């Protein structure tokens, strides 16, 4: 299929995951029944988007304005988007960065994020939730990793945070290539993370959080293991991979949802397509549902393209037309020969 369809499907998938997943954010238990009724309610209010989409748009705006990654422009756009519309459900950690970036004396736009958590940086998934645009703008894996890291570091300075951003960007990147045997898709991601998590900073950051290094790599191994199981309960998936705000407790989970939902689920009606199945499933894990779903939706939209974006769901989402234009513009500016 055509890259323009993947570009449009990628940002549509992200919007859908955020908008559809939002009502369940932070809920520790979400039944599949509940999520099915929620999505079936879109096939007779608008579903408003949250911080995930707001930041996705600001990231894309910066790339489009500059035709390149520009850290100063992007940092300022994040701050100004928050100032403009702060009630979108931003996390408590990131607001401190935005206030510091709005300081008229701020000259190093990475400094506020570095200062988070007593100089250790945040390890939340806010860098990852918005990173899809990077993978749409940059086609080399080298650039994807570099600008995924840099964009993430404007708010999430811990390697535990920015490495989750890189992982997500790489997942979206592989999906855009249409890569994909499931086995090879995982292998490649596992390979990149094994290398990135072997750097001194990665090891130091995990250690000083108490985790047994290579949190992404050990979880991507677990994803494979889970995928080799005939049946895994939702509770088992959450126990092994997580469903939280920590990037290591959401990005691998997003990836498992994507890979798992390439095949049917016995409790998800076959009337739903693969993109739909992925989002219902991911939301049914509970926890950080808007963000896990927005990330799974990004990867899935990139892989399945606009043909699996349901009209009834899409047209229920706030800003779906604006989202589509941003996707097309990224393709025009960065991907078109």
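Positions refer to the first chain, counted from 1.
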According to the PDB record, deposited residues with no modelled atoms between residue 44 and residue 45 number 10 or more
Mean B factor on CA atoms, stretches 183-191 and 205-213, record says higher is 205-213
Ranked by mean Cα B-factor in the entry, 86-94 and 251-259, top stretch is 86-94
Out of 132, 223, 246, 157, which residue has the highest Cα temperature factor in the PDB record? 132
Per the deposited B-factor column, the C-alpha that peaks among 163, 218, 151, 142 belongs to 142
Of the three thirds of the chain ranked by Cα temperature factor, residue 310 occupies the middle
Looking at the C-alpha B-factor of residue 111, is it in the lowest, middle or highest third of its chain? lowest
Among all modelled residues of this chain, ranked by Cα B factor, put residue 337 in the bottom, middle or top third, i.e. lowest, middle or highest. highest
Rank-wise, by C-alpha B-factor, drop residue 125 into the lowest, middle or highest third of its chain. middle
Within this chain's modelled residues, let me know which third the CA B factor of residue 289 belongs to: lowest, middle or highest. middle
